[PDB]
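I have a structure here, written as C-alpha cells, and I will follow up with some questions on it.
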Amino acid sequence: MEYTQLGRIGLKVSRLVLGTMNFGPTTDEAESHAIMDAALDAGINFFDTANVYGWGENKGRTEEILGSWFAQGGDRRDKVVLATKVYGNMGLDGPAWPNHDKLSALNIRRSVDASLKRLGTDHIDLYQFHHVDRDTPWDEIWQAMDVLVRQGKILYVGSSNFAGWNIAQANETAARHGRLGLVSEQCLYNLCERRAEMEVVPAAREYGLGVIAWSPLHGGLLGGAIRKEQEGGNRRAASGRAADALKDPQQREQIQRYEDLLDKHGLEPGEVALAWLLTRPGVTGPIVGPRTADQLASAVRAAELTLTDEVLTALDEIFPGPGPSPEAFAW
Amino acid sequence: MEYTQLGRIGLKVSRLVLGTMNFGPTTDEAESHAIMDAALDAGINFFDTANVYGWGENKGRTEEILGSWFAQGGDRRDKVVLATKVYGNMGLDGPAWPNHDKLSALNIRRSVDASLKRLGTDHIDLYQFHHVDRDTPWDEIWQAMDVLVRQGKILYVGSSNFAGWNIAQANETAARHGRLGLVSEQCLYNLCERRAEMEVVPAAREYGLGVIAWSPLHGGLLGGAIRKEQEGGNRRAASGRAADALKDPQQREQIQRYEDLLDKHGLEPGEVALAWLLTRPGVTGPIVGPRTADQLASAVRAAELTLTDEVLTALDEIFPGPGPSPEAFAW
Amino acid sequence: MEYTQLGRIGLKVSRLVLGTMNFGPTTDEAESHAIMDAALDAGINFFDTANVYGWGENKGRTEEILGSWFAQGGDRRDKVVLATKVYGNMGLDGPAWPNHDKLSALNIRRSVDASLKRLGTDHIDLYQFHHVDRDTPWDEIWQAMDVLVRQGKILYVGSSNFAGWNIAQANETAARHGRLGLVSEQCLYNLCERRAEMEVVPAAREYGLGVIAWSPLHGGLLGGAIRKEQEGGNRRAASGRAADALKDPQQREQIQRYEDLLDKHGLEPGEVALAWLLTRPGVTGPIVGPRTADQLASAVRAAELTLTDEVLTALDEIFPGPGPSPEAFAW
Amino acid sequence: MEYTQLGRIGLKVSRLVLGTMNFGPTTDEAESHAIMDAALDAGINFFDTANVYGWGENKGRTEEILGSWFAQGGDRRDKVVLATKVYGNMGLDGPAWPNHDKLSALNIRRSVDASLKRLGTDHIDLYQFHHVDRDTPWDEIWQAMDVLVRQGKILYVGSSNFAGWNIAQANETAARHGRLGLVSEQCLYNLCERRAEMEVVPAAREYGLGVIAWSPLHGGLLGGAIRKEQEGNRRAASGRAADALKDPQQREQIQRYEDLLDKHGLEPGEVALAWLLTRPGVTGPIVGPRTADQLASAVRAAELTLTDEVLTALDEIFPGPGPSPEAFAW
Ligand SMILES: CC[C@H]1OC(=O)C[C@@H](O)[C@H](C)[C@@H](O[C@@H]2O[C@H](C)[C@@H](O[C@H]3C[C@@](C)(O)[C@@H](O)[C@H](C)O3)[C@H](N(C)C)[C@H]2O)[C@@H](CC=O)C[C@@H](C)C(=O)/C=C/C(C)=C/[C@@H]1CO[C@@H]1O[C@H](C)[C@@H](O)[C@@H](OC)[C@H]1OC
Ligand SMILES: CC[C@H]1OC(=O)C[C@@H](O)[C@H](C)[C@@H](O[C@@H]2O[C@H](C)[C@@H](O[C@H]3C[C@@](C)(O)[C@@H](O)[C@H](C)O3)[C@H](N(C)C)[C@H]2O)[C@@H](CC=O)C[C@@H](C)C(=O)/C=C/C(C)=C/[C@@H]1CO[C@@H]1O[C@H](C)[C@@H](O)[C@@H](OC)[C@H]1OC
Ligand SMILES: NC(=O)c1ccc[n+]([C@@H]2O[C@H](COP(=O)([O-])OP(=O)(O)OC[C@H]3O[C@@H](n4cnc5c(N)ncnc54)[C@H](OP(=O)(O)O)[C@@H]3O)[C@@H](O)[C@H]2O)c1
Ligand SMILES: NC(=O)c1ccc[n+]([C@@H]2O[C@H](COP(=O)([O-])OP(=O)(O)OC[C@H]3O[C@@H](n4cnc5c(N)ncnc54)[C@H](OP(=O)(O)O)[C@@H]3O)[C@@H](O)[C@H]2O)c1
Ligand SMILES: NC(=O)c1ccc[n+]([C@@H]2O[C@H](COP(=O)([O-])OP(=O)(O)OC[C@H]3O[C@@H](n4cnc5c(N)ncnc54)[C@H](OP(=O)(O)O)[C@@H]3O)[C@@H](O)[C@H]2O)c1
Ligand SMILES: NC(=O)c1ccc[n+]([C@@H]2O[C@H](COP(=O)([O-])OP(=O)(O)OC[C@H]3O[C@@H](n4cnc5c(N)ncnc54)[C@H](OP(=O)(O)O)[C@@H]3O)[C@@H](O)[C@H]2O)c1
C-alpha cells in the first residue's frame, strides 16, 4: 500500500480511502465487515462514512455497521483513521426541522453525539462538514469544533463539497486564532467530472489540504458499466448517476470510447479510473466505493497500476478538463 | 411558519419567539404546557424565559414549568432553541446580597447552574444578559461565558436591554480573541415605544445581531385594551404598563386612535401590532406573550398578515418613530 | 481660564472652545480677527472651524479668515489647537459630484489638502469627521487618516454627529492595529436638546473622548432671544434653529420661563446656558459661537459663573433630559 | 446615471464604467477625448485603463491619451475615479525580461511610476493587478501596495482575472494587519461567458468587492456582430468575436440572440449591457465604445428595463452554471 501525508498535516493515510456508503443499502453487514477486514489487511487505514449513510428510515445504519466492526476488537479502532460527517438531516426525509440539518453550533453538538453513539467510539478522528453552509459564519463553526477538539471528541476537521473560496475563508479564520484549520477537502472528482480543477483543488493545494475524491468511478459509470449494462444484482451502476449518464447519447458515447480504449490496452475500467485520480496533482487519493470484497481487491490493484503517457493522453482526449481559473474561462 | 436566521449566525428561528413570562404568575402549569405544545405544533422553535420569571417567592417557577414540559419527552428539548437569562436577583425581593445579582463571573457561575437544574437540561442554547451591567468589564464577562461554552453548558450568548454602544463594545471585545459575540439583542420595541430605532437596532444590525422584541404589545396595551377595559379575567392589560398608559390622556388617546383605525379595516389590534414589528428592518421577530392558547393562535395568524401600505402609513401617523441618531436629534 | 484634558489624551484645552462658524457670513474678517486675538488673550487655545464654513459660493471663507489671522505671525499658530472638518460638499450647493462629499479616502485626500491651503498651515491638530458616513467602512477611514498622521499633516482625529455605537466601532477598530482612535466627539448638546445623553455622551465617556458641545445656545435661542426678538441686525437668533423654535408654542413657553427665571435671579441667559454645559459630566466644554467681541467676553465670564443648586434644579425641570439608554426607554 | 457603492467601500461609482482599451489602436486621440468628455457629461465618473493599452510598440499610448485629456483642465482629473493596471510586460512583445512583468515588489515599483508619468497625475485612485500572479505571495504584494498608499501614490487596490480563492486569500491577509483589502474584482462576465458565477463573483460578494465586467459584449460579439458581419476598425471583425463566429455552435447561439431581439425591437449591445446590470453583485459593465454613438448607446442601455420574458429567454439561450459546489456536485 502507498501512503502519503494528508495535505500539510502529520496524519499519514493510505492513498486508497475506504468509502462505506454502500454498507447498508447495497452491501449487507457481513460483507461490509469482510470488506473492512480486507481493507485493514491491505494496509488501508482511512475509512470515510457519514451519519446519513444507510438512507431513509435507515440513516445511521452505516455508522452502526462500523460500530459493530470496531466492537469485535483486534485493534481495529486503534488502527483506523475514522472520518464521518455532519450537515445532513437525520430525521424523516423531507424538509428538516430547523437546526436539525446544516452547520449551526446547535446541530453540530447533537450530530456528533449521535455519531459517536452509533460508532461505539469516544472520538472521531476526522469530522467533516458534508456541504458548505452559507448561513453559518466561521467564528461560530470554529467555536463548535474547538469545543469538540478540547473535549477530545474529535481530532481533525475537514470539508466536503466546498468551493475553493470557502476553504480559504475557513482556514484564514482558523489561523487568526491559532486553530488547526481544515485538513482535507472531500470533493467530486473523476474522469467524467473534472471541474474541481478550476478552483477547489487549487485552493486546497494552496492551503495544504488533503484532497480525497468521492464517487471516483462516477457512481460505477467508469467501472465497466456498458459491458455490464445487462447484468443483474443490486449494482450501483444500474441506478442513479451512472444510469442517468448512460441515457444521454453524448455521455454514453464517452463511456463507450473509454471502455473500447481500455480493451485495446489490456486494462480494467474501474482500476484505471482509480489509478487516474492517483496521478492528479494535489489528490491524496480516491475514496473507493466497493460493493464486494472482490471490488476492494481490484482497487488495491489499481493503486499499483502505472498508466503510460499514451493512455493518459488518450484519457485526456475523451475526458478533457478545464484547468484552473482564471485561465479556464478568461486568460 | 416563517423562519429566518438569528442575525448573522447559523441558528434558524421562527419569526415568532414564544415568551414564557406569563407562565406561572398568570397562566397555570397545565395551560402553559398546552401553549408550548401548540407552539411546537405551529412550528415555533424558539422559547424565551428567565430565572426570575415566576416573581417574588416563586422566582424560578417559569423555568420549572419548562423543565416539567421537557421531562415528558417527545423530542421537545431537541426541537426547542431554549433561551434564558442571568442578572436578576433570585433571592428575596429587595436589595440583593452582593454578587447575587448583576453580571460578575461569580453570579454568572451560580445563576447558570440554578437555571440548568430548574430547566432539567444539561445546556442552554441562548444565555442572555437580562440587562447591561456597567460595573462588569467585557473581559470578565467573556471569560465567564467562554468557560460555559467550552464546558458545553451554553451555545450562544445574547444581550437584553443594552445600549447600542454596549453591543458594539461587547462584540468587538469578543472578536479580538476568537469568540463568537452576542448573537441577538432582546429590546423593548413596539408601536408605543420606538426609541430602540435611535441606536440599539442600528448597532445590532451593523454587528449582525438578531433583534427580538419584548413586550411587543406593550404589556397588552396594543391588544384591544380600550375595548376590553371593562372586562374581567386576570388580564395583563388591566395592570402594569398598559393600565398606567390608559390613565394618561395623551397615551390613551393614541390607543383610541389605533383601535378605531383597525375597526375601519377589519383588523385585530394584537395581530396588527405583532405584524407591524415583523415589517421593521433588522427585527427577527416579536417575543409573543400569550396568556391563552387562543392568543398563541392569534399570534400565528398575525405572522401571516400582510399589512397594506395605507395601514402602515396610518400607523406611522399615530405612532411616529425617531429614526436613527444622530439625525433623530441633530442632522 | 479653566483647562482640562481632552478626554483621555495628553492634549490640554481651554474649557471654552472658540467656534468660528460666524466668521464670514455673519462676522466680517476684521472683527473675526479681533475675536480670535481676544480669545487668545483670554487663554482660549482651541479653535473649531470647517471647510464648508462661509456657506454657499463662499464655502472655505472661514478657513481663509483663520489663515490670514495665522499669517500675522506672533506665535498664533503655535499657540492654537486648530480643528477643522471633512465630509461636506465644497462644490456648488446641491447634490455633490460623487466622492466630493462624505468620508471616502478619495474625498478625505482632496479635502485635507484644500483645507491646509486655505488655513495657510502645514498641519491640522484635530481633523474631524463632520458627520457619520454609514457607507464608508472604518478600515478605509483609518487608512486615509493614518496616511495623514504619518505624513505629519494631522495629529489627532475626532468625530462629530456620531451615534454612540459609531464611536465604539471607530475606536475598537483603531485599537486593533495600534492606532489612536477618536479623541473627541462634537455633538449638539444644550438645555434645549439633551438627547446626546442617551448614548452619545455615555459612549464618548466609556471610550475616553472629549465631548465638545456644538450650538451651546441652540443657535442663539438661549441667549435672550425673546427679550431681543424685535431687535435688528444680522442676529443668528433671528433665523434658523432659534427662529423655528420661537414659532413653536411649547418651545417658546420653555424659553419664556427660562428668561423669566433668569430675570428673577439677575443672570444673563447666554452665560447661564454655557455655565450649565460646563456642569455636565463628561463635557469638555461648549463651542462658543460669538458674533462680537463682547459676546466672547460674555462667554469668558460664563466660564467663571457658579450656578446655585437652586438654579440648576430649576433648569433641569424646565429643560428635562432623558438620561442614558436603556433606562431612558426601557428599565 | 445610476450610482452605487463599489462593493463595501465608501467610493461611489457610476454603474457604467468607461473602458479605454480602444483608445489608441482602434479609436484615435481626438475621438477618445470626445468619448471621455461625453462620458463625464452623462455622469460616468469611473474610467478603466492599463499600462499595456495601446499594444505592441505603442504600449502606454492609452494612458498618454488619458493624460492629455486630463491636461485640458476643467476638473477632469478631480471628477474621475482613475483606474489602471500592473502585471503586463511594457517592453518588446515576447518573453519579458525577468521582473519586468508580473507582481513582484520590484515590478510594482517601476510600473506605477511609469503609469503616473504617462497619465500626468500624482496619484491613481484604483491600482489593479491585471492578473493573478501565483508566484508572488500576499505579504510581498501588500508591502508594495502599502508603500504606495502611505506615499499617496494610490488610494485603492483592486484585482482582475483572479480566482475566488485568490480574492479571499488577499483580503484575509490584508485584514490581518489592518490594511484595506481588494475593493473590486474586474472579471470577464457577459451572456456568452458566465463561469465567473461559479466562485469569482460569490467570493467577491462575500468579501464585499465591487465586480466590474470586462468585455461585456464579448469583444463586440454581442453588439450585433452577425448583422454587421460584412461591414467595413470593427473589434467584432477580429479576436474573440471573430473566433466565436467561426464556430458553428456559438454562431448559432448569437444568431438566436439576434433573432430574439429582432422580435422584441431591442438593440443587442444595449441588451447585453442591461443584462449585466441585473446580475447580483455586479457593480456594472466596463463599456468599450469605439465611437461616441456607442457611448450614448451604453447610456441608453443603463436606462433599459428588460422584461422577465426577455430575461428568461436570454437565460435559456445563454445558460450559466451558478455557484460551486452545486454547479458540478450538489
Ligand atoms: C419648573 C417646573 C415647571 O416645569 C416645567 O417648566 C417643564 C416644562 O418646561 C415642560 C417640561 C415642557 O415640556 C417639554 O416641552 C418641550 C418643548 C419638549 O422639547 C421638545 C423639543 C426639543 C428640541 O427640546 C427636544 O429635545 C425634545 C425631545 O422635545 C419636551 N419634550 C420632551 C416633549 C417637553 O417635555 C412643557 C411645555 C413647555 O413649556 C410641558 C407642558 C405640559 C407644560 O406646560 C408644563 C408646565 C409646567 C409643569 C411648568 C412648571 C411651572 O413652574 C415654573 O417654574 C419656573 C422655574 C418658574 O418660572 C415658575 O414661575 C412661577 C413657573 O413658571 C410658570
Ligand atoms: C430559448 C430556447 C432555445 O434553447 C437554447 O437556445 C439553448 C442553446 O443556446 C444551447 C444552450 C446551446 O448550447 C450551448 O452552446 C454554447 C456555444 C456553449 O458555450 C460554450 C462557449 C462559452 C464561451 O459560452 C463557454 O462559456 C461555455 C462554457 O461553452 C454552451 N456550453 C455551456 C456547453 C452550450 O450549452 C446549443 C448550441 C448552440 O445553439 C445547444 C444545442 C443542443 C441546441 O441547438 C439547442 C437548441 C435549443 C434547445 C434551442 C431553443 C430554441 O428556441 C429559440 O428561442 C429563442 C428565444 C428564439 O430566438 C426562437 O427563434 C425564433 C427559438 O428558435 C426556434
Ligand atoms: N461527500 C459526498 O458528498 C459523497 C458523496 C458520495 C460518496 N461519498 C463517499 O465516496 C465513497 C465512494 O462513493 P461511490 O460509492 O459513489 O464510489 P464509486 O466508485 O464512484 O461507485 C461505487 C461503485 O463503483 C463500482 N466499483 C467500485 N469499485 C470498483 C472496481 N474496483 N472496479 C469496478 N467497479 C467498481 C461498483 O459499481 P457496481 O455496484 O455497479 O458494481 C460500486 O458499487 C462513498 O462510499 C462515500 O464514502 C461522499
Ligand atoms: N428582557 C426583558 O426585560 C423582558 C421584559 C418583559 C418581557 N420579556 C419577554 O417578552 C415576552 C412577552 O412580553 P409580554 O408578556 O409583556 O408581551 P405582550 O404581548 O406585550 O403582553 C402580553 C399580553 O398581550 C396580550 N396578548 C398577547 N397576545 C395577544 C394577541 N395575539 N392578541 C391580543 N392580545 C394579546 C395579552 O394581554 P391580556 O392578558 O390583557 O389579554 C397578554 O397577556 C415575555 O414572555 C418575556 O419572554 C422580556
Ligand atoms: N459639528 C456641527 O455640526 C456644528 C454645527 C453648528 C456649529 N458648530 C460649531 O459650534 C460653534 C458654535 O455654534 P453656534 O454659532 O450655533 O453657537 P450658539 O451659541 O448656539 O449660537 C451663536 C449665537 O448665540 C448668541 N451668543 C453667542 N454667545 C453669546 C453670549 N455670550 N451671550 C449671549 N448670546 C450669545 C449669538 O446670537 P445672536 O447673533 O442672535 O446675537 C450668536 O450668534 C460653531 O462656531 C461651530 O464651530 C458645529
Ligand atoms: N482586465 C482585463 O483583462 C480586460 C480585458 C479586456 C478589456 N478590459 C477592459 O474592459 C473594457 C471593455 O472591453 P471591450 O472593449 O472588449 O468591451 P466589449 O463591449 O466587449 O467590446 C467592445 C466592442 O463592442 C462594440 N460595442 C461597444 N459598445 C456598443 C454598443 N453600445 N452597441 C453596440 N456595440 C457596441 C464595439 O464593437 P465594434 O468595434 O465591432 O463596433 C466595441 O469596439 C476595456 O476598455 C478595458 O478597459 C479589461
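Numbered from 1 within each chain, the chains take letters A, B, ... in sequence-line order. Whatever order the structure lists them in is the order used to number ligands and atoms, beginning at 1.
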Specify whether the nearest protein heavy atom to atom 51 (C) of ligand 2 is under 4.0 angstrom away. yes
Under-4.0 Å protein heavy-atom contact, atom 38 (C) of ligand 2
yes
### Query
Does the protein put a heavy atom less than 4.0 Å from atom 58 (O) of ligand 2?
yes
Describe, in one word, how the ring planes of C/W331 and B/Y87 are oriented to each other, choosing from parallel (under 30°), tilted (30 to 60°) and perpendicular (over 60°).
perpendicular
A student comparing D/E252, D/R195, D/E193 should find that the heavy atom closest to atom 44 (O) of ligand 2 comes from D/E252
- Query: Can you find a heavy atom in the side chain of D/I317 that is under 4.5 Å from one in the side chain of D/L260?
  - Reply: yes
Atom 4 (O) of ligand 2: closest protein heavy atom, distance to 0.1 Å, is D/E316 O, 3.9 Å
Contact region, D/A244 to ligand 2, non-hydrogen atoms below 4.0 Å, reads neither
Next item on the list: Please find out if less than 6.0 Å separates the ring center of B/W276 from that of B/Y258.
Entry: no
Q. Is there a protein heavy atom less than 4.0 Å away from atom 24 (O) of ligand 2?
A. yes
Would you check if the side chain of C/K85 reaches a backbone N or O of C/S159 as a donor-acceptor pair within less than 3.5 Å?
no
> Do the side chain of C/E271 and the main chain of C/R301 share a donor and acceptor less than 3.5 angstrom apart?
Replying inline: no
How about B/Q128 and B/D48: do any of their side-chain heavy atoms sit closer than 4.5 Å?
yes
The answer for which part of D/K263 has a heavy atom under 4.0 Å from ligand 2 is neither
* To do: Output yes when D/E197 and D/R194 qualify as a salt bridge under the 4.0 Å nitrogen-oxygen rule, no when they do not.
  => yes
re atom 8 (C) of ligand 2, the protein heavy-atom contact at minimum distance is D/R256 NH1, 3.4 Å
### Query
Can a protein heavy atom be found under 4.0 Å away from atom 18 (C) of ligand 2?
no
In a simple table, one pair per line, please give the protein and ligand 5 atom names for every N or O pair closer than 3.5 Å, along with the distance.
residue	atom	partner	partner atom	Å
ligand 5	1 (N)	C/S160	OG	2.9
ligand 5	1 (N)	C/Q186	OE1	2.9
ligand 5	3 (O)	B/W331	NE1	3.1
ligand 5	3 (O)	C/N161	ND2	2.9
ligand 5	8 (N)	C/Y53	OH	3.4
ligand 5	15 (O)	C/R236	NH1	2.8
ligand 5	16 (O)	C/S215	OG	2.8
ligand 5	16 (O)	C/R236	NH2	2.8
ligand 5	20 (O)	C/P216	N	3.4
ligand 5	20 (O)	C/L217	N	2.8
ligand 5	20 (O)	C/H218	N	3.3
ligand 5	20 (O)	C/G219	N	2.9
ligand 5	21 (O)	C/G220	N	3.3
ligand 5	31 (N)	C/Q295	O	3.2
ligand 5	31 (N)	C/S298	OG	2.9
ligand 5	39 (O)	C/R236	N	2.8
ligand 5	39 (O)	C/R291	NE	2.8
ligand 5	40 (O)	C/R236	N	3.1
ligand 5	40 (O)	C/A237	N	2.8
ligand 5	41 (O)	C/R291	NH2	3.0
ligand 5	41 (O)	C/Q295	NE2	3.0
ligand 5	43 (O)	C/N22	ND2	3.3
ligand 5	45 (O)	C/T20	N	3.2
ligand 5	45 (O)	C/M21	N	3.0
ligand 5	47 (O)	C/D48	OD2	2.6

Quiz item: Measuring to protein heavy atoms, does anything land under 4.0 Å from atom 63 (O) of ligand 2?
Solution: no
Numbered in order shown, the ligand 2 atoms found under 4.0 Å of a heavy atom of D/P319 are 11 (C)
One finds that the ligand 2 atoms under 4.0 Å from a non-hydrogen atom of D/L260 are 56 (C), 58 (O)
To the nearest 0.5 Å, atom SG of D/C192 lies from atom CZ of A/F329 at 14.5 Å
of all protein heavy atoms, closest to atom 10 (C) of ligand 2 is D/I317 O, 4.4 Å
Output for pair (C/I65 CD1, C/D28 CG), nearest 0.5 Å, gives 8.0 Å
Check your understanding: Hey, is atom 6 (O) of ligand 2 touched by any protein heavy atom at less than 4.0 Å?
Key -> yes
Filtering D/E309, D/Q253, D/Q249 for the heavy atom nearest atom 16 (C) of ligand 2 leaves D/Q253
- Task: Measure from the side-chain N and O atoms of B/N161 to the backbone N and O of B/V132, and report whether any donor-acceptor pair falls under 3.5 Å.
- Result: no
protein heavy-atom neighbour closest to atom 22 (C) of ligand 2 works out as D/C192 O, 3.6 Å
Tested for side-chain hydrogen bond (donor to acceptor under 3.5 Å, both in side chains) against C/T49, the lone hit among C/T84, C/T62, C/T20 is C/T20
Exercise. Any protein heavy atom under 4.0 Å from atom 31 (N) of ligand 2?
Worked result: no
